[PDB]
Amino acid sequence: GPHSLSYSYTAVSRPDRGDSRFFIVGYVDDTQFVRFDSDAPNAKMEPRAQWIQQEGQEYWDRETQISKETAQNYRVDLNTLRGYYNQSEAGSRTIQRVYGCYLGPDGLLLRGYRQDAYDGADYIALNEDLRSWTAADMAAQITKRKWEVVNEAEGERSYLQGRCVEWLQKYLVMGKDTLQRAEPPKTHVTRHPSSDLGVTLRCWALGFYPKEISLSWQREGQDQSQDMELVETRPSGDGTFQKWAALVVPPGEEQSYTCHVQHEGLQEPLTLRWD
């Protein structure tokens, strides 16, 4: 698909201590590359991917500076939304924010976005036109009008159409051999007996990137997605992914069922069968 640079902010108040905690994680597509934790000793923005490590201190000082300025603002922001909702000052609450840019085929902004949530619920969002906001309730409308009064959107827009897509291009270059080439799944099938009239076949897909795959079971060209056990795609721990699909067939009919794997790392889609 089209590539994307994204950042996730998490601000959690800790009315207990007098403070709050602040997280940033940076992603290019589904690959984490930077992180920030306000609770880390002498906290700064840190590399989280081998290919970003080559950045100079001038890069890290800037991101670190921006992280702490943002972390300080959110210290008050938590108190503000609390007051917006007339909530007690005892409970720990959370604000989340995601924003980023998609790269178009012309090397320009395809689409830009920002969305914010409070305590797990949609709060405010930047519109596709990048010149206006949509608020989900009253509290967010107070916030919406403030950002209209100082024209927050125009700073966001100049960022998204410029700096965001530019750095994205660079990151795609820096990490081209992990980001930009597809990694095909390592596939095999296993057999697991249940009872007299039940044998479970499990089709494995391991170490693939990107995250998007298709796993299906067919019975003589006939879909079995109805009684197929399929798991949520899971991280391998190295920037690649795992998934499996299973179904219970009769102890005689192993060869009558085929697993079909489709992933962009694959040249031709696969049909697998137990041996």
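Note that residue numbering follows the sequence shown and begins at 1.
The stretch with the higher mean CA B factor, choosing between 87 to 95 and 113 to 121, is 87 to 95. Taking the PDB entry as given, 259 to 267 carries the higher mean Cα B factor of the two stretches 18 to 26 and 259 to 267.
Take 77, 129, 148, 196 and read off each C-alpha B-factor from the entry; 196 has the highest. Residues shown: 170, 188, 144, 176. Highest C-alpha temperature factor in the entry: 188. For residue 217, the recorded CA B-factor ranks within the highest third of the chain. Only modelled residues enter the ranking. Residue-level temperature factors show residue 166 in the middle third of its chain, judged at the C-alpha atom.
When the modelled residues of the chain are ordered by their C-alpha B factor, residue 240 lands in the middle third. Residue 34 sits in the lowest third of its chain by CA B factor, as recorded in the PDB entry. When the modelled residues of the chain are ordered by their C-alpha B factor, residue 63 lands in the lowest third.
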